[PDB]
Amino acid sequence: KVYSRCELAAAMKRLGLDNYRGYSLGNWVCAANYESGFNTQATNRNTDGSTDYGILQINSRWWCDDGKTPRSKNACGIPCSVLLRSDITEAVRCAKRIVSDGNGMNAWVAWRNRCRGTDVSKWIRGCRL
């Protein structure tokens, strides 16, 4: 599923992402925009044999188990396939776990490079949440 911007913003608000551990909602929408283009089925295979999965491009070394990645920690305690669901609930739970660590949203390269320093509140403008 490719979400629209406001659809995603509403779904993320519903699941408690707005101002979760210091990151306002616009940060989460911005990150999803740049990481995946709002696409729950996005996948990108990395140089290290890990794959990034779903709308927030969550990585299979550290966070989810895909049975294909050396040295995998599976810190979210999930199969990576749950991160390709049209329902974002499992991805949001895992994202909250990720962002709890000292890296914060720097876990998401596209957030670090594309969203950090920008007016992220623009991502929720005009939306009914």
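When you see a residue number, it is the position in the sequence shown, counting from 1.
The deposited model assigns a higher average Cα B-factor to 39-47 than to the other stretch when 94-102 and 39-47 are compared. Annotation for 62-70 versus 81-89: the higher mean temperature factor (C-alpha) is found in 62-70. When the modelled residues of the chain are ordered by their C-alpha B factor, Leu56 lands in the lowest third.
Ranked by C-alpha B-factor against the other modelled residues of its chain, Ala32 falls in the middle third. In the deposited entry, the Cα temperature factor of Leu8 sits in the bottom third of values across the chain's modelled residues. Residue-level temperature factors show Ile124 in the middle third of its chain, judged at the C-alpha atom.
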